[PDB]
Each structure stands twice: as structure tokens, then as C-alpha cells.
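Just dropping this structure here.
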Amino acid sequence: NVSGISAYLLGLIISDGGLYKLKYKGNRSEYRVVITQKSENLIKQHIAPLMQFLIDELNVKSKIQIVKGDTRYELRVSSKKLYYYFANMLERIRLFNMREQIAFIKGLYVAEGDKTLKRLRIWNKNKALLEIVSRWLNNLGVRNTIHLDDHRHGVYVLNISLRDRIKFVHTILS
DNA sequence: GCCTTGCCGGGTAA
DNA sequence: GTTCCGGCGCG
DNA sequence: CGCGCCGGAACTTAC
DNA sequence: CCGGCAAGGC
Ligand SMILES: [Mg+2]
Ligand SMILES: [Mg+2]
């Protein structure tokens, strides 16, 4: 159970939130696992109980916080343990098994994919990350390309070929 | 001649 | 998305 | 005194 | 993220 939900959550974190090691007025600190999202409902209904499931399984004692901001809501767990659990998992991403790869790619697409489904695309500034995913998708028989989509901000796009539309949607999304 | 997809500019949602 | 701010508890 | 959870949100920009 | 434009192939 745990590996799949972890990879999915990491997907969301990487793309719509982040992992933060903080240093405050002497000499305090904080370790944060964050996912931000426009919809408070999606955070409470879908994301938070998955995070809560993981927290319980890992015996993390921190609580899930939901903080209102100007433009989005923030799901935040303040936990050194959870922070390293995800940061280490991120470093070892190349060792993911198929269940984890599929969950992670799914997270990526929910967070930052072409949601219109007329085109199948994933955006990110991290080319290296997209190239891992690109390799995974090839082994799943999903052809794709990576190109610099935005010369302003250095944002690359991973475009999934519509020739493999069906296989992508059914393997990754459904 | 239709589809796919590279390219790019605006602008919310991170 | 990121890192500032203000709290608090703990050894 | 040094570190780590809590709650907020101004500030900045990648999708 | 979105979505219009258009250039490149069956
Ligand atoms: Mg992102
Ligand atoms: Mg998003």
C-alpha cells in the first residue's frame, strides 16, 4: 500500500509543493513537506487523507496543516522524519519499481499535466526529471518527446504521442 | 487535407 | 511555490 | 542555548 | 497550464 501512495504524493510534492529545510531566528529550524492547490476541497477530500494514511503508517506524529493563502491553499506537514522520507526517496527515484513509477507519473500529471486531454503534456523546469519519466514511459510503450517549451523561464515540456494516447490514459490515469 | 506537435505569449495557480 | 514572521515545547 | 513542531502569509514565478 | 498558429510528414 505504502510505496504506491508515497510515489504519488512525491509526484504532487515535486510539482505543486515542495520539501523545505528552514532556519529561523537563532537557532531554530523546521522541516516541511508541502503540497499547494487552488481547491481547498481537493486538498481536504483527496490529498489530505492520503497524506494522513502515510503519516499513520510511518508513525509520524506531526499533524496535517491546511493553511489559507492569497492564491492557493497549502497542505503542510512539519516533520523532520517525513521530510527525509521524501527527500531520500527523491534521490533514489531511478530505483522505482513499476507500481511506484506509475504512481509517480500519475502524481506528476494530476499536478502539472495538460488536463484538457486534447494534448498529453507534462511541464517542468527540471529536464533531468522529465528524462527519467521519458524512459519509464518508453518501457511502458508510450512514445514521447521532450523539448524546451518556454525560452523565457527555461520550462521544458514532455509531450506524449497521441499514437499512444489510449495506452497512456489507461496505464497512468485510469 | 487532416493530424500531430514544435513554438510561443499571456496569465492563473502555484 | 519559497522563505520570511510570530509562537510553543524539549533536553 | 540549540533544535524541532505550530500557524500565518508576504513575496516571487513555474507552469 | 492554456490554447492558437503553422510546418512538417503520411
Ligand atoms: Mg512544479
Ligand atoms: Mg497544479
Side-chain angles (χ1 to χ4, degrees), chain A residues 8-48 51-52 54-56 58-87 90 104-131 133-134 137-138 141-169 172-173:
Chain A
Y8 177 79
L9 288 172
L10 186 61
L12 295 187
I13 294 157
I14 276 325
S15 32
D16 277 4
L19 295 179
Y20 308 105
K21 168 164 193 191
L22 290 305
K23 299 300 162 172
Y24 295 152
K25 283 188 182 176
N27 278 122
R28 302 176 303 127
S29 68
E30 197 177 358
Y31 304 81
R32 282 184 189 181
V33 177
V34 170
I35 291 156
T36 71
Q37 200 66 32
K38 177 189 161 81
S39 171
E40 193 204 18
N41 184 82
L42 179 68
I43 294 199
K44 290 186 161 186
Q45 216 61 33
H46 167 64
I47 307 176
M51 188 63 84
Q52 186 59 64
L54 181 70
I55 281 177
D56 300 348
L58 299 185
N59 291 97
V60 166
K61 284 301 192 315
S62 297
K63 64 199 297 296
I64 288 169
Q65 307 180 51
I66 299 166
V67 178
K68 174 124 178 66
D70 324 320
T71 50
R72 82 297 184 280
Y73 284 82
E74 164 183 3
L75 179 149
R76 172 201 304 170
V77 186
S78 205
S79 171
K80 190 182 193 181
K81 190 171 174 180
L82 195 65
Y83 169 88
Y84 280 112
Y85 176 79
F86 283 113
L90 179 54
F104 178 82
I105 291 167
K106 184 181 184 179
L108 237 48
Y109 206 97
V110 170
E112 293 184 324
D114 191 319
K115 301 149 188 176
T116 74
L117 276 234
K118 307 204 283 293
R119 313 185 57 174
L120 295 165
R121 299 183 285 188
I122 305 194
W123 292 269
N124 213 271
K125 203 182 176 84
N126 185 338
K127 154 186 290 182
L129 172 56
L130 294 182
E131 275 163 354
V133 167
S134 182
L137 284 183
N138 272 311
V142 176
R143 293 165 294 197
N144 62 95
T145 52
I146 295 175
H147 292 341
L148 196 50
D149 199 34
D150 191 281
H151 279 96
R152 307 167 302 186
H153 310 74
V155 179
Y156 291 94
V157 68
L158 190 166
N159 183 65
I160 288 117
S161 179
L162 303 183
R163 285 186 318 266
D164 298 315
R165 162 181 282 128
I166 331 290
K167 190 186 313 240
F168 177 72
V169 172
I172 309 298
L173 310 182

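Atom set for the values below is all heavy atoms of this structure, side chains included, hydrogens, waters and symmetry mates excluded. In what follows, chains carry the letters A, B, and so on, assigned in the order in which the sequence lines appear, proteins first and then strands, with residues in each chain numbered from 1.
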Should A:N124 be listed as having a side-chain N or O under 4.0 Å from OP1 or OP2 of D:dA14?
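So the side chain of A:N124 is outside the cut-off, no N or O lying under 4.0 Å from OP1 or OP2 of D:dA14.
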In which stems does DNA chain D show up, taking only runs of three or more Watson-Crick or G-U wobble pairs whose two distances fall under 3.5 Å?
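Output for stems: C:1-11 with D:1-11.
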Could you give the distance separating B:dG11 and C:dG1 at their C1' atoms, to the nearest angstrom?
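Here C:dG1 and B:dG11 have their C1' atoms 16 Å from each other.
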Scan nucleotides 8-14 of chain B nucleotide by nucleotide, 5' to 3', and note B when protein non-hydrogen atoms come under 4.0 Å of the base, S if they reach only the sugar-phosphate, - if neither.
BBBB-BB
North or south for the sugar of B:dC8? Use the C1'-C2'-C3'-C4' sign convention, positive meaning north.
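Sugar pucker of B:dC8 - south, given that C1'-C2'-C3'-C4' is below zero.
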cation_pi(A:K68, A:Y73) dist<6.0 Å, angle<=45
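Relative to the ring axis of A:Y73, which defines the angle, A:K68 lies inside both limits.
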Any A:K81 side-chain N or O less than 4.0 Å from OP1/OP2 of D:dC5:
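So the side chain of A:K81 is outside the cut-off, no N or O lying under 4.0 Å from OP1 or OP2 of D:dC5.
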Which is true for A:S62 with a 4.0 Å heavy-atom rule: it touches a base, it touches only sugar-phosphate, or it touches nothing?
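Counting heavy atoms under 4.0 Å across all strands, the contact made by A:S62 is with sugar-phosphate only.
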Output yes when at least one side-chain N/O atom of A:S161 is less than 4.0 Å from OP1 or OP2 of B:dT5, else no.
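Looking at the OP1 and OP2 atoms of B:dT5, one of them is under 4.0 Å from a side-chain N or O of A:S161.
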Sugar-phosphate only, base, or nothing, as touched by A:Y31 at under 4.0 Å among non-hydrogen atoms
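Result for A:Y31 = sugar-phosphate.
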When you check the phosphate oxygens OP1 and OP2 of C:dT3, does a side-chain N or O of A:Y20 lie under 4.0 Å from one of them?
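Answer no for this pair, as no side-chain N or O of A:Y20 is under 4.0 Å from OP1 or OP2.
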Say whether, by atom type as modelled, one donor and one acceptor occur between the side chain of A:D164 and the main chain of A:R143 under 3.5 angstrom.
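Pair found, side chain donor or acceptor close to backbone of A:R143.
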Using atom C1' in both nucleotides, what's the gap between D:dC15 and B:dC7 to the nearest angstrom?
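The same atom, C1', in both gives a distance of 16 Å.
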State the pairing partner of E:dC5; accept Watson-Crick or G-U wobble contacts with both distances under 3.5 Å, and report none otherwise.
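Answer to the pairing question: B:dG6, which forms a Watson-Crick or G-U pair with E:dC5.
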With nearest nucleotides of DNA chain D determined for A:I14 and A:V77 from heavy-atom distances, which residue corresponds to the more 5′ nucleotide?
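Between the two, 5'-proximity favours A:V77.
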What is the nucleic acid contact for A:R143, judged by heavy atoms within less than 4.0 Å: base, sugar-phosphate only, or nothing?
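Nothing, no heavy atom under 4.0 Å.
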Hey, does the side chain of A:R163 come within less than 4.0 Å of B:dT5's phosphate (OP1/OP2), counting only N and O?
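So the side-chain polar atoms of A:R163 do come within 4.0 Å of the phosphate oxygens OP1 or OP2 of B:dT5, strictly under.
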To the side chain of A:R165, which of B:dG6, B:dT4, D:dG2 is closest?
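Among B:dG6, B:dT4, D:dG2, the one nearest the side chain of A:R165 is B:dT4.
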Check: A:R165 side chain, A:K118 main-chain N or O, donor-acceptor pair, under 3.5 Å
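Judged by distance alone, yes, a pair lies under 3.5 Å.
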Please list, in 5' to 3' order, the outermost nucleotides of DNA chain E lying under 4.0 Å from any heavy atom of chain A.
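The contacted stretch runs from E:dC1 to E:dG4.
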Any side-chain N or O of A:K61 less than 4.0 Å from the OP1 or OP2 oxygen of D:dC5?
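No, outside the criterion.
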Of the options D:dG4, D:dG2, D:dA9, whose atoms approach the side-chain atoms of A:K80 most closely?
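The answer is D:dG4.
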What is the nucleic acid contact for A:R76, judged by heavy atoms within less than 4.0 Å: base, sugar-phosphate only, or nothing?
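Base contact.
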So for B:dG11, where does the sugar sit by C1'-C2'-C3'-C4', north or south?
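With a negative torsion about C1'-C2'-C3'-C4', the sugar belongs to the south class.
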